[PDB]
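Quick notes on the structure that follows.
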Amino acid sequence: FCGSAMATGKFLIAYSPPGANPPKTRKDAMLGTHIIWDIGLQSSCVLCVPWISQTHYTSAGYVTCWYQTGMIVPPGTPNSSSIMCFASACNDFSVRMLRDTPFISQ
Amino acid sequence: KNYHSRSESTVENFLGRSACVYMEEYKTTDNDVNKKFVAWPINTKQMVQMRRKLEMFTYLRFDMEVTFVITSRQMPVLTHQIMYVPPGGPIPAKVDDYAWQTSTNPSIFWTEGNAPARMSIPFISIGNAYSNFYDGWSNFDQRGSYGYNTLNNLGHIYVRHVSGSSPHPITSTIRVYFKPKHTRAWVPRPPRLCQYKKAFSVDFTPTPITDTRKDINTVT
Amino acid sequence: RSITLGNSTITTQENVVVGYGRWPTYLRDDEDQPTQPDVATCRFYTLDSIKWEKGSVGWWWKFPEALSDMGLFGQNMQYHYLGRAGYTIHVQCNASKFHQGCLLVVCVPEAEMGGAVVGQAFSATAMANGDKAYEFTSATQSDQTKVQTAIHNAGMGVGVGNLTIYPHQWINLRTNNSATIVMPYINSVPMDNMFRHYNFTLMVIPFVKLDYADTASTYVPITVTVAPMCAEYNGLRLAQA
């Protein structure tokens, strides 16, 4: 969370397994795997996600996030904030068989 | 005045007091079979003072004792059948029937001119304590009676005048005294602050918290 | 700092007020009547978030009817007959330092509540109806099919100031912001049907109204998180010869 130093609130970062459908309500989301990320006492939530495979519709996990309390601010503070997101390859990955990129064309 | 210490505030000798709970009359001869005997479901929610004391606890476990004071007015000695029907027993619906002759109903026979009749009912219930308050329903469809369970039920005392072939035209008056013994209490609860409106409900009308004074700074 | 509690969901928070100094515990700690402890029930079933507005009076949730539609716990109530459970309730609100207010988080065991009209009956949908925060109201209630709901007598006729007997924790916004009440199982029968009987009722009562100054958020979100601990049920299989 990159925002004001006076804002507080809660979020429900929810994870759906590969086969599972994305939840359609906050209530549905809460039944699954969920982390209640407190913006007041933390400002970084790290989620190691397993079962990441090539899959060459498709079975894929889903990460959703839901309001739980909303953003609460005291007087003289902006009415907007933002959340940035990062991604990595964790402890180890394994890659097999070279192929050319389908990006930059010859 | 001096300090010292106490031991008059223990639960046992707080709630354990003999107090009148029921008074009724009956006439042996009349045109109403209802009035030829006395019925009395045992409960402690009729005397307002006694009720308020016991309701400062949620669960109570005690074995009571019941003493009867019977007087009679208009020649020879007169005897009284003081029967106790326990929960799920047969109850008489009229004077003289097989329910009086039931041998599973503990029945005192006391004749006048002797020290008062007494017996000590034990702790009946299949629960592990009577519960003053119940926050539930009688069925799981939740359409039944509210705030009533059958595990706090106590029997009935039926009093009749043992008579010959043709009774006298006497009339008697009974008074019942009730006293817990070996009381134990679990979970305390705030005192009542409203006047009772029903003998079984917890119904009330809102009332102010406390009496008012002229000003916050004013104290005399 | 932040003692991250994990069960199967995570709740980050940072005193415990035990109900009467008794922690939830199995009945086995004490054939004909076998029991089946379900150990997968516990996890944080976070309820809906009520808004503490300036003009509000108070709120109550009947247990265990609040968790009647919540996952596995909800399912077991339908399947099984007799069951007993204890609860760890975390009531947390989030507010700044320009907000002033006071709350009384109190767990009241067996609260029978009288009708709005004396000598009338009301339906079960007037006390509980899934997960809803029923609202106490100022003055009297004249709706016949409602509960009395007068805040000053707490809807029981006992006086609201005296509710401090029951295991309670005060959330004064000035200092702390969290209340943890660990309620054990209290009943006069070892285990009971979980539809008929509402074991206890959680009440949150604002004793000082919220004043938020000017151009600040006009509500303080109060979230209730309930984890059923040490839940036991009845066996569903036959005994040996």
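Starting from 1 in every chain, residues are counted up; chains themselves are A, B, ... following the order of the structure tokens, and ligands are numbered from 1 as listed.
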For residue 195 (chain B), work out the shell of residues within 12 Å, counting only C-alpha atoms and skipping chain neighbours fewer than 5 positions away, then give it as a PDB file with C-alpha atoms, in the first residue's frame.
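Result file around.pdb:
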```
ATOM      1  CA  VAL B  48     -42.385 -10.958  43.941  1.00  0.00           C
ATOM      2  CA  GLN B  49     -39.735 -10.465  46.649  1.00  0.00           C
ATOM      3  CA  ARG B  51     -38.471 -14.072  42.810  1.00  0.00           C
ATOM      4  CA  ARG B  52     -36.169 -11.043  42.672  1.00  0.00           C
ATOM      5  CA  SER B 201     -42.652 -13.900  31.005  1.00  0.00           C
ATOM      6  CA  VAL B 202     -39.788 -11.442  31.389  1.00  0.00           C
ATOM      7  CA  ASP B 203     -42.050  -8.707  29.893  1.00  0.00           C
ATOM      8  CA  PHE B 204     -41.606  -5.162  31.123  1.00  0.00           C
ATOM      9  CA  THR B 205     -42.213  -1.546  30.143  1.00  0.00           C
ATOM     10  CA  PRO B 206     -39.185   0.865  29.999  1.00  0.00           C
ATOM     11  CA  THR B 207     -38.479   2.909  33.143  1.00  0.00           C
TER      12      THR B 207
ATOM     13  CA  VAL C 118     -46.627  -6.726  27.163  1.00  0.00           C
ATOM     14  CA  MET C 156     -34.151  -7.347  29.408  1.00  0.00           C
ATOM     15  CA  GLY C 157     -35.243  -4.853  32.072  1.00  0.00           C
ATOM     16  CA  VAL C 158     -31.974  -4.962  33.996  1.00  0.00           C
TER      17      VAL C 158
END
```
With only C-alpha atoms considered, list every residue of chain C at most 8 Å from chain B, as JSON, numbers by chain. {"C": [110, 111, 112, 113, 114, 115, 118, 119, 123, 124, 140, 150, 152, 153, 156, 157, 158, 159, 162, 163, 165, 166, 188, 189, 195, 196, 197, 198, 199]}
Within 12 Å of chain A: each chain C residue with its shortest pair, only C-alpha atoms, as JSON lines:
```
{"residue": "C:1", "atom": "CA", "partner": "A:41", "partner_atom": "CA", "distance": 7.7}
{"residue": "C:2", "atom": "CA", "partner": "A:41", "partner_atom": "CA", "distance": 7.2}
{"residue": "C:3", "atom": "CA", "partner": "A:41", "partner_atom": "CA", "distance": 10.7}
{"residue": "C:4", "atom": "CA", "partner": "A:36", "partner_atom": "CA", "distance": 10.2}
{"residue": "C:5", "atom": "CA", "partner": "A:35", "partner_atom": "CA", "distance": 10.5}
{"residue": "C:6", "atom": "CA", "partner": "A:35", "partner_atom": "CA", "distance": 9.3}
{"residue": "C:7", "atom": "CA", "partner": "A:33", "partner_atom": "CA", "distance": 10.5}
{"residue": "C:8", "atom": "CA", "partner": "A:33", "partner_atom": "CA", "distance": 7.0}
{"residue": "C:9", "atom": "CA", "partner": "A:34", "partner_atom": "CA", "distance": 5.5}
{"residue": "C:10", "atom": "CA", "partner": "A:35", "partner_atom": "CA", "distance": 5.0}
{"residue": "C:11", "atom": "CA", "partner": "A:36", "partner_atom": "CA", "distance": 5.6}
{"residue": "C:12", "atom": "CA", "partner": "A:38", "partner_atom": "CA", "distance": 6.8}
{"residue": "C:13", "atom": "CA", "partner": "A:41", "partner_atom": "CA", "distance": 8.0}
{"residue": "C:14", "atom": "CA", "partner": "A:41", "partner_atom": "CA", "distance": 8.7}
{"residue": "C:41", "atom": "CA", "partner": "A:31", "partner_atom": "CA", "distance": 11.9}
{"residue": "C:43", "atom": "CA", "partner": "A:31", "partner_atom": "CA", "distance": 9.8}
{"residue": "C:44", "atom": "CA", "partner": "A:30", "partner_atom": "CA", "distance": 9.3}
{"residue": "C:45", "atom": "CA", "partner": "A:30", "partner_atom": "CA", "distance": 7.7}
{"residue": "C:46", "atom": "CA", "partner": "A:30", "partner_atom": "CA", "distance": 7.6}
{"residue": "C:47", "atom": "CA", "partner": "A:27", "partner_atom": "CA", "distance": 8.8}
{"residue": "C:48", "atom": "CA", "partner": "A:68", "partner_atom": "CA", "distance": 8.1}
{"residue": "C:49", "atom": "CA", "partner": "A:69", "partner_atom": "CA", "distance": 6.5}
{"residue": "C:50", "atom": "CA", "partner": "A:69", "partner_atom": "CA", "distance": 8.8}
{"residue": "C:51", "atom": "CA", "partner": "A:69", "partner_atom": "CA", "distance": 8.7}
{"residue": "C:52", "atom": "CA", "partner": "A:69", "partner_atom": "CA", "distance": 11.2}
{"residue": "C:69", "atom": "CA", "partner": "A:27", "partner_atom": "CA", "distance": 10.6}
{"residue": "C:70", "atom": "CA", "partner": "A:31", "partner_atom": "CA", "distance": 7.9}
{"residue": "C:71", "atom": "CA", "partner": "A:31", "partner_atom": "CA", "distance": 6.6}
{"residue": "C:72", "atom": "CA", "partner": "A:31", "partner_atom": "CA", "distance": 9.4}
{"residue": "C:73", "atom": "CA", "partner": "A:31", "partner_atom": "CA", "distance": 11.3}
{"residue": "C:74", "atom": "CA", "partner": "A:31", "partner_atom": "CA", "distance": 11.8}
{"residue": "C:92", "atom": "CA", "partner": "A:10", "partner_atom": "CA", "distance": 10.7}
{"residue": "C:93", "atom": "CA", "partner": "A:69", "partner_atom": "CA", "distance": 9.1}
{"residue": "C:94", "atom": "CA", "partner": "A:9", "partner_atom": "CA", "distance": 6.5}
{"residue": "C:95", "atom": "CA", "partner": "A:72", "partner_atom": "CA", "distance": 7.1}
{"residue": "C:96", "atom": "CA", "partner": "A:74", "partner_atom": "CA", "distance": 6.0}
{"residue": "C:97", "atom": "CA", "partner": "A:74", "partner_atom": "CA", "distance": 7.5}
{"residue": "C:98", "atom": "CA", "partner": "A:74", "partner_atom": "CA", "distance": 6.3}
{"residue": "C:99", "atom": "CA", "partner": "A:74", "partner_atom": "CA", "distance": 8.1}
{"residue": "C:100", "atom": "CA", "partner": "A:74", "partner_atom": "CA", "distance": 11.8}
{"residue": "C:131", "atom": "CA", "partner": "A:27", "partner_atom": "CA", "distance": 11.3}
{"residue": "C:177", "atom": "CA", "partner": "A:40", "partner_atom": "CA", "distance": 11.7}
{"residue": "C:211", "atom": "CA", "partner": "A:74", "partner_atom": "CA", "distance": 12.0}
{"residue": "C:212", "atom": "CA", "partner": "A:74", "partner_atom": "CA", "distance": 8.4}
{"residue": "C:213", "atom": "CA", "partner": "A:75", "partner_atom": "CA", "distance": 8.1}
{"residue": "C:214", "atom": "CA", "partner": "A:75", "partner_atom": "CA", "distance": 6.7}
{"residue": "C:215", "atom": "CA", "partner": "A:75", "partner_atom": "CA", "distance": 5.3}
{"residue": "C:216", "atom": "CA", "partner": "A:75", "partner_atom": "CA", "distance": 4.7}
{"residue": "C:217", "atom": "CA", "partner": "A:72", "partner_atom": "CA", "distance": 5.7}
{"residue": "C:218", "atom": "CA", "partner": "A:72", "partner_atom": "CA", "distance": 8.7}
{"residue": "C:219", "atom": "CA", "partner": "A:72", "partner_atom": "CA", "distance": 8.2}
{"residue": "C:220", "atom": "CA", "partner": "A:72", "partner_atom": "CA", "distance": 7.6}
{"residue": "C:221", "atom": "CA", "partner": "A:69", "partner_atom": "CA", "distance": 5.6}
{"residue": "C:222", "atom": "CA", "partner": "A:69", "partner_atom": "CA", "distance": 8.0}
{"residue": "C:223", "atom": "CA", "partner": "A:69", "partner_atom": "CA", "distance": 7.8}
{"residue": "C:224", "atom": "CA", "partner": "A:68", "partner_atom": "CA", "distance": 11.3}
{"residue": "C:225", "atom": "CA", "partner": "A:36", "partner_atom": "CA", "distance": 10.7}
```
So that I can see what lies close to residue 68 (chain B), please list as a PyMOL selection string the residues with an atom at most 6 Å from it, counting only C-alpha atoms and leaving out residues fewer than 4 positions away in the same chain. chain B and resi 117+175-176
Using the selection just defined, write its residues with N, CA, C and O atoms as a PDB file, in the first residue's frame.
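The resulting out-v4.pdb:
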```
ATOM      1  N   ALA B 117     -47.312 -30.277  59.304  1.00  0.00           N
ATOM      2  CA  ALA B 117     -46.857 -31.307  58.406  1.00  0.00           C
ATOM      3  C   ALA B 117     -45.707 -30.781  57.603  1.00  0.00           C
ATOM      4  O   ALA B 117     -45.669 -29.596  57.298  1.00  0.00           O
ATOM      5  N   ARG B 175     -51.827 -22.664  54.031  1.00  0.00           N
ATOM      6  CA  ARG B 175     -50.788 -21.705  53.791  1.00  0.00           C
ATOM      7  C   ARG B 175     -49.609 -22.594  53.580  1.00  0.00           C
ATOM      8  O   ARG B 175     -49.507 -23.638  54.210  1.00  0.00           O
ATOM      9  N   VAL B 176     -48.735 -22.251  52.618  1.00  0.00           N
ATOM     10  CA  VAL B 176     -47.618 -23.073  52.243  1.00  0.00           C
ATOM     11  C   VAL B 176     -46.402 -22.229  52.453  1.00  0.00           C
ATOM     12  O   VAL B 176     -46.398 -21.059  52.090  1.00  0.00           O
TER      13      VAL B 176
END
```
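By chain and then residue number, the residues within 12 Å of residue 48 (chain A) are residues 15, 45, 46, 50, 51, 52, 63, 86, 87, 88, 89, 90, 91 and 92 of chain A, counting only C-alpha atoms and disregarding those fewer than 2 positions away in sequence.
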Output N, CA, C and O atoms of each residue in that selection to a file, as a compact mmCIF listing (two decimals), in the first residue's frame.
```
# COMPACT_ATOMS: atom_id res chain seq x y z
N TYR A 15 -7.69 -16.32 -2.34
CA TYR A 15 -7.05 -17.17 -3.30
C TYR A 15 -8.00 -18.28 -3.64
O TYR A 15 -8.65 -18.81 -2.75
N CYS A 45 1.97 -7.32 2.16
CA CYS A 45 1.41 -8.64 2.35
C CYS A 45 2.02 -9.52 1.30
O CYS A 45 1.81 -9.27 0.12
N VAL A 46 2.81 -10.55 1.70
CA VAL A 46 3.54 -11.43 0.82
C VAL A 46 2.83 -12.76 0.71
O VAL A 46 2.62 -13.42 1.72
N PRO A 50 1.41 -21.66 -4.95
CA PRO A 50 1.95 -22.86 -5.59
C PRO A 50 1.18 -23.16 -6.86
O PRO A 50 0.34 -22.35 -7.24
N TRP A 51 1.43 -24.34 -7.49
CA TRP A 51 0.80 -24.86 -8.68
C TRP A 51 0.75 -23.91 -9.85
O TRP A 51 -0.29 -23.71 -10.46
N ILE A 52 1.90 -23.28 -10.18
CA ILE A 52 2.03 -22.39 -11.31
C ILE A 52 2.66 -23.18 -12.43
O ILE A 52 3.83 -23.54 -12.32
N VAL A 63 -6.51 -14.54 -7.83
CA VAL A 63 -6.26 -13.78 -6.63
C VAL A 63 -7.18 -12.63 -6.81
O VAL A 63 -7.17 -11.98 -7.84
N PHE A 86 3.83 -6.61 -6.94
CA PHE A 86 5.11 -7.11 -7.37
C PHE A 86 4.97 -8.59 -7.61
O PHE A 86 4.02 -9.20 -7.15
N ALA A 87 5.94 -9.19 -8.35
CA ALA A 87 5.90 -10.58 -8.77
C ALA A 87 7.32 -11.05 -8.85
O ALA A 87 8.21 -10.25 -9.09
N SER A 88 7.58 -12.35 -8.58
CA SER A 88 8.92 -12.89 -8.55
C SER A 88 8.78 -14.33 -8.98
O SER A 88 7.72 -14.75 -9.40
N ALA A 89 9.88 -15.12 -8.93
CA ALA A 89 9.88 -16.50 -9.36
C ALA A 89 10.13 -17.41 -8.19
O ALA A 89 10.42 -18.58 -8.36
N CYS A 90 10.01 -16.88 -6.95
CA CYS A 90 10.19 -17.56 -5.68
C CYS A 90 11.47 -18.37 -5.62
O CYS A 90 12.46 -18.01 -6.25
N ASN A 91 11.51 -19.41 -4.75
CA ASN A 91 12.70 -20.16 -4.39
C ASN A 91 13.38 -20.79 -5.57
O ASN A 91 14.59 -20.68 -5.74
N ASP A 92 12.58 -21.47 -6.42
CA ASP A 92 13.12 -22.12 -7.57
C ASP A 92 11.99 -22.33 -8.54
O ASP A 92 10.82 -22.38 -8.18
```
For residue 23 (chain C), the closest of C:129, C:88, C:36, C:76 counting only C-alpha atoms is C:88
